Every structure is written in C-alpha cells, then in structure tokens.
Amino acid sequence: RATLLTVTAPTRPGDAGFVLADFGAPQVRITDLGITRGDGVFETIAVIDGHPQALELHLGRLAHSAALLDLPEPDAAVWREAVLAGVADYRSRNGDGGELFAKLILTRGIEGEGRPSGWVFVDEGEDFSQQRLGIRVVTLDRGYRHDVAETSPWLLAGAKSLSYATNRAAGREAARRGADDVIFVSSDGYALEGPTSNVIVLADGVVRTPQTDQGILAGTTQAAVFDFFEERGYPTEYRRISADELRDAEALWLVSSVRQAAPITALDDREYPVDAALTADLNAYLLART
Amino acid sequence: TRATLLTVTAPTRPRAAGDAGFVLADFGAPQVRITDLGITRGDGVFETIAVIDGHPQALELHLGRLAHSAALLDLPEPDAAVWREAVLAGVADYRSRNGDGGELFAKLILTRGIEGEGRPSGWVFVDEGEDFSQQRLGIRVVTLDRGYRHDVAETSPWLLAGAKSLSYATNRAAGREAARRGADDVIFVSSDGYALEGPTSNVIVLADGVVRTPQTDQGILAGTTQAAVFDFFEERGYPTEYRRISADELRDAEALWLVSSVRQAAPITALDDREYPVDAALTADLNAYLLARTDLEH
Ligand SMILES: Nc1cccc(C(=O)O)c1
C-alpha cells in the first residue's frame, strides 16, 4: 500500500536518480550508518489532496540538517522529483483519499563506502482527529542549555536527525504521567520545542514561539501558523520564552507537519482553555494551504 | 559476503526445539525495513564485542549491559540465552567459512521494531575488525562539552544517559570535530565540569600512583574494557578508584587512556594540545593483557 523509492543519487559531489522499491521487503543494509549509529537526517512532509505542503521549505531544511551533520549537500532536484513521483505512484494505486505524508531519509551510507543513502516513502498517516481537539502535555528537562547550538555545534541541536531515541523516550515519560506529549525546557529554564513539534504561545494577545536559534527546529508548520495569525490580525513574535511565561500564557498549541495544530488543554496538570472555533479555523487553514 | 549475519527472531522475553531464536542471513543483502524504528528514529540499543582467537571477550558483561541499556529505553528484556547462542553461532559460522586468524568483532543490534507492530527487531553480525595497531600506540584527544550535567541520569532519565543506544549521531559529530582540530578522539566534559567518557570509550586516569576512572552513575557507560583495565592495574599493585574527576584534575594527570572493546587501550599523547607522556612498555603490556584475558577463562 505504501510507496517506497530508493534514491540512487541523493547528494551532490537522463537518469531520474531514484527507483521504485518494495516497501514491505527489507531495504537497508545492517551496516547502514543510519541504523548502526542513527547517523542521518530526515524530513516529514504532509500531502493533502495530492499536494505536498511546504515542499520547498522542507527540502531547504533537509539541506540545513545535512549541513549540520557534515553530510554532502542533498540534490534538491532529485529529492523534489522523488517526492512528487512517490505521491503520484501512491495516488494511482490507492486512489485519492485521506491525508498522506512523504518521509525523506538521508544517511551517511553503508559503513566504509563513503556513499550516502536515501529513501522516500509515501503512506497514509495516523489519525489525529482527537489530538486536533486537545492534548495534555508535560514539560521535561532537555539537559542542554538554550545556547548549545552556538557553543557546542557537535551536539547537533536543531538538526532533524535520525537519532531520536531521546525524543521517543520523552513521549514514554509523558504517557507514564497521563500526558500525550512534551514541551522541552532548557536546563537554564527556557521553553524550546516538543519532541516532534514546535510550541505556539498566545500571551498578552500575541502569538509567540521560541526563537529558532535556541537549538530547535525552525518549524514549517509553525511558520504557516504565523501566516494564519498575521492575516487574521494577531501580532506574532519570535522570542525567548521562560518556563514560567509558559504556564502564564492564555493558550498553547504544539504544531508539526502531519498532526498540524494540536491545542493544549493541560500543561503539567494545570488546565488551559481551548478555543475550539479558533483552532478549527487554524487546522482548516493548515489543511487547505497551497 | 565475508561477514556473518544472524537474524534474531526471538530477541526479547514477553519455544519449540529446532527454533533457536535466530537463523543465518546474507550480510550483503538489505535486511532492515525502512520503517524499522531502529533507522527512522535511532530507537534501539547495541553492543560491540571483541572476538579474540574465536572467543568473545567479556560476553556475559556485554549481555548484561545490553539488558541494562534495553531497560533504560523501556524495551523488553533481551533473551540472554538466545543472544549468547546467536553470538557463538556467528563466530562459529564466520570461522568455518573464513578460517581463523585476525581480530574479529560481533555487533548486537536490538530495536523497537517495525513501527505499529509491537515486535522488537534483533541482529548479530560478525566480521573482521579495523586495524587499531597505530592507535594502540598513541592518539591525540580534545575535550568537548557534552551539554549535560554530570547528574542527568538521576534527574532526567528520559535523556537516556548511560544507555548504549543507536542514537549516536552526536557521538560521531564529536569525532568529526576532533578531526577538524587535528585529533583522533574526544573526552566529553559535563556542563558542570566533570570528565565523563569518550563517544565510544571510557577514560582511564593515572595520577599519584592511583588509577582512576569516572564513576559510572554520571550518565556514562560502565565499560567492559575499563573493568578489565582495573584488573590489570590491581594485579600490578596499583590502587584503583571510581570517582568524580573534574576536567581540571584530568589536565593534571600523569597519563591517560581511552579504552573500549575493539580498540582496547589507546594511550593519549596530547589532550587539547597539552602533551602527555606515554609509557610504551606499560601500555603494550596493558594491551597484551587485554588481548589475552579471555583465554584464561577457557
Ligand atoms: N572483501 C572480502 C575479503 C575477503 C573475503 C571476501 C568474501 O566474499 O569471502 C570478501
């Protein structure tokens, strides 16, 4: 059901540079540095009614993530055509239908070959209908200071890397606390991001989000959230947001490409009011864009 | 292919005779599904084990630590008897095809599995090790900020500190940073200034006739090689000590080693461009002890 493409020309030093492969058969060598060391980057792109959302920003961020890990530069033209070909292959077979997504995976390759690996696959996504009406959240220490990306770039803060064990570990801690998700806080007390998403704060009538140089991802959904609010007439701001400001905010959301906007009903067990109509308009906009 | 690969089909506790829990597979062919959480999320644990003269070194310690890493990641308990059997069968198959000769290694990989499926994945492969003869004579090292407080394992267990996980992108990034500075390896230093470990090794400190190593609740691995290194030094009358070692104390050390299963003991010639003496005979004796310890057990 899922479409998988192998990307045979993923990076820059009439061949398409990618081939269809069997999603249900093994495809990665046991010594691919992507699995023995989590040494790669990825992007997840939502595909709504056959259109990839924020395609160019996603491809640019793949290059940015690759650069942070000293990977070779991704061949934008090939990755672009592979996303489009995989969506086209999925829709032809499974027809039109629900929300889809394309996942791009780029690794340093089989150990010892100096030849990076790449895959794109396209599948139907998990159902987020409930999560888009509300989620509970806890804050968790991320260990790093908010300025790691300036002092210590070998820690890869702000790279969308394959090494997400700790991100997953954060989800499990949240579930043990009855929560659905996490907002990370830096060791010096600043709100950062979620394990798979960015945080949006409505406070003092302003739509805020932690500045993107604090070792976090510049979210593509977050940027689109800002366009929504700016056109609707809210002011928007990139800021350093302390842990305390978080709990004093009027309202909160986690946002990301596939789930879109998920409003926070509780943060660390303190309740927050969810404006159902405002969030519904937000998610309608996020789902309908370009 | 030269290397041996075993698929572990019963990696974890929740069997018919004839089902050992593992079967040979082609190391040269693709083996992992693209949605295995081991590659999409680096969500798994691993062990690397030196195999000297047909024998895996410290096999039970490694298996114990596989389980400990598994537990830190909320994975199910690895079936120690399947993994043990899998490693020995792998060593056996490698040697029956390739003969003996040479230092080998076995690598154990355990992941949360194909996503949506609730079934961990597991693999073992055996292959010839990298030539470390030069590094065993000396390496240049630099100190790099790890970003964590020495105590993150106590306060923040979701940060997986002290787990041997597949999410090693940063450990590799540290090596690339050291190479930029013309160095071979890295000693991590915590936010609060404590010597921790290397991205793939543990740190041994000689100072004032005492052999020390950072104590292993500081969000670091308890190294199987470090334990064998303590055995060597105690046998020669050195006192050994686990403790907190500030980055300052590390500079004032008389000698330093990075130790790990495959490279064994690599003596440090320079740390952040400060020179350190290397006792070539004592280190050669250390490596000879480290290479020969498992023969005793058999
Ligand atoms: N590269 C290499 C070296 C030796 C043997 C083989 C093999 O296929 O047996 C391969």
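- The record names X-ray crystallography as the way this model was obtained, at a resolution of 2.503 Å.

## Some details on the environment of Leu156(A)
Stage number 1. Among the structural elements, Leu156(A) can be located in the loop between α4 (148–151) and α5 (165–176).
Stage number 2. Sequence-wise, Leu156(A) and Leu68(A) are 88 residues apart; in three dimensions their C-alpha atoms are separated by 6.5 Å.
Stage number 3. Beyond its immediate stretch of four places on either side in the chain, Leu156(A) contacts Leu68(A), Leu69(A), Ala169(B), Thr170(B) and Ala173(B).

## Some details on the sheet that holds strand β1 (residues 3–7) of chain A
Stage number 1. Reading across from one edge, β2-β1-β6-β5-β3-β4 (chain A) is the order of the six strands in this open sheet, with antiparallel pairing throughout. Taken across any chain shown, the strands that pair with only one partner, and hence form the sheet edges, are β2 (18–21) and β4 (51–52) of chain A.

## Examining the interface of chain B and chain A
Stage number 1. With 49 residues of chain B at the interface, the matching set in chain A holds 49 residues.
Stage number 2. For the pair chain B and chain A, the summed buried surface comes to about 4500 Å²; carbon and sulfur atoms form 59% of the total.
Stage number 3. The largest contributions to the chain B side of the interface with chain A come from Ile34(B), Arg41(B) and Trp158(B), which together make up 19% of the buried area.
Stage number 4. Applying the counting criterion to the chain B and chain A interface returns six salt bridges.

## Describing the domain arrangement of chain B
Residue and element names in this part refer to chain B.
Stage number 1. Each assigned domain of chain B is listed with its residue range as follows: domain 1 (1–129) and domain 2 (130–298).
Stage number 2. With 29 residues of domain 1 at the contact, the number on the domain 2 side is 25 residues.
Stage number 3. Buried surface at the junction of domain 1 and domain 2, both sides included, amounts to about 2100 Å², of which 58% is carbon and sulfur.
Stage number 4. When residues of domain 1 are sorted by the area they lose upon contact with domain 2, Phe46, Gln57 and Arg65 head the list and together hold 28% of the total.
Stage number 5. Run the count over domain 1 and domain 2 and you get one salt bridge.
Stage number 6. Its salt-bridge partner being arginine 136, residue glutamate 103 comes within 2.9 Å of it at the nearest N-O pair.
Stage number 7. Between the two partners, domain 1 and domain 2, sit 13 residue pairs in polar contact.

## Structural notes on helix α6 (residues 220–232) of chain A
Residue and element names in this part refer to chain A.
Stage number 1. With 13 residues, α6 extends 19 Å from end C-alpha to end C-alpha; this agrees with the ideal 18 Å at 1.5 Å per step.
Stage number 2. Among all positions in α6, only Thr220, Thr221, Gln222, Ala224, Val225, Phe226, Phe228 and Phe229 are buried.
Stage number 3. Looking at the residues trailing α6, positive phi occurs at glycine 233, about 110°.

## Description of the domain arrangement of chain A
All names here are of chain A.
Stage number 1. The domain boundaries assigned to chain A delineate domain 1 (1–125) and domain 2 (126–290).
Stage number 2. Taken over C-alpha atoms, the centre of domain 1 sits 25 Å from the centre of domain 2.
Stage number 3. Domain 1 puts 26 residues into the contact, and the matching count from domain 2 is 23 residues.
Stage number 4. In this assembly, domain 1 packs against domain 2 so that about 1900 Å² is buried in total across both faces, 60% of it on carbon and sulfur atoms.
Stage number 5. When the buried area of domain 1 at its contact with domain 2 is split by residue, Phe42, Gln53 and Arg61 rank highest and sum to 30% of it.
Stage number 6. In this structure, the connection of domain 1 to domain 2 is made through one salt bridge.

What counts, and where the lines are drawn
Residues numbered from 1 in each chain as written, not as in the entry; some residues may be left out. Chains lettered and ligands numbered in written order. Heavy atoms only, no water. Helix = DSSP H or I, 4+ residues; strand = E, 2+ residues; numbered from the N terminus. Contact = heavy atoms within 4.5 Å. Pairing = 2+ DSSP bridges. Buried area = accessible area lost by both parts, 1.4 Å probe. Salt bridge = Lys/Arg side-chain N within 4 Å of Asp/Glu carboxyl O. Domains from an automatic or database assignment. Polar contact = N/O pair within 3.5 Å; in protein donor to acceptor, adjacent residues only side chain to side chain. Expected span 1.5 Å × (residues − 1). Buried < 20%, exposed > 50% of the residue type's maximum accessible area, 1.4 Å probe, protein only.

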